[PDB]
Amino acid sequence: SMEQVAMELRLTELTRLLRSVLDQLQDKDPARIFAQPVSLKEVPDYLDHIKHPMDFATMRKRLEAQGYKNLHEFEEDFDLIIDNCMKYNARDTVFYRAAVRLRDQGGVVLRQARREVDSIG
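Here is what the cut-offs are and how they apply
- Residues numbered from 1 in each chain as written, not as in the entry; some residues may be left out.
- Heavy atoms only, no water.
- Residues with missing side-chain atoms left out of burial classes, pairs and counts.
- Helix = DSSP H or I, 4+ residues; strand = E, 2+ residues; numbered from the N terminus.
- Contact = heavy atoms within 4.5 Å.
- Polar contact = N/O pair within 3.5 Å; in protein donor to acceptor, adjacent residues only side chain to side chain.
- Salt bridge = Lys/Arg side-chain N within 4 Å of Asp/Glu carboxyl O.
- Buried < 20%, exposed > 50% of the residue type's maximum accessible area, 1.4 Å probe, protein only.

**Quick look at the environment of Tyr68**
In step 1: Residue placement: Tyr68 occurs in the loop between α3 (56-64) and α4 (71-88).
In step 2: Taking C-alpha positions, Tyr68 is 14 Å from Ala57, a pair spaced 11 residues apart along the chain.
In step 3: Discounting chain neighbours no more than four positions away, the residues touching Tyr68 are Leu11, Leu14, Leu18, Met59, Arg62, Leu63, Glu73, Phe74 and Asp77.
In step 4: Within the local environment of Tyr68, its side chain forms a polar contact with the side chain of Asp77, the two groups lying 2.4 Å apart.

In structure tokens:
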């Protein structure tokens, strides 16, 4: 059908808008602490701590596979990154402090992305 093509023309554009937003969120991580998944070779017991690991390249695979149906699923993956980090790492660590900054600076980017998805549909 043509009603599945118009559907995909939206999804493709959501994917296009989300690609931009991920780029901005990831620019708030110049240290690249959230670029890659936590290494299981380097933290063998990590899944004993964190059940749903998340990182930017993992969100990227999913993005280019058009696996985000809406902003809300995308936002959930972003909060995983932050929230996992704040649990696994103690408060007086470079990693906990980088998450707090990422969270603060990503508020602004996400605040405008909510308006652009509502606005443009």
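Alright, that's what it looks like, and here's the rest.
**Regarding the pattern of salt bridges**
In step 1: Evaluation of the coordinates by the stated rule reveals 6 salt bridges.
In step 2: In this structure, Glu73 engages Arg62 in a salt bridge whose closest nitrogen and oxygen atoms are separated by 3.3 Å. With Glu73 in helix α4 and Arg62 in helix α3, this residue pair connects regions lying 11 residues apart in the sequence.
In step 3: Among the residues examined, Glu73 registers a relative accessible area of 29% and is labelled partly exposed.
In step 4: Between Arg103 and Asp104 there is a salt bridge; the shortest N-O distance is 3.3 Å.
In step 5: With a relative accessible area of 40%, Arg103 lands in the partly exposed category.
In step 6: You can call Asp104 partly exposed: its relative accessible area is 48%.
In step 7: Salt bridges sharing common partners tie together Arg62, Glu73 and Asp77.

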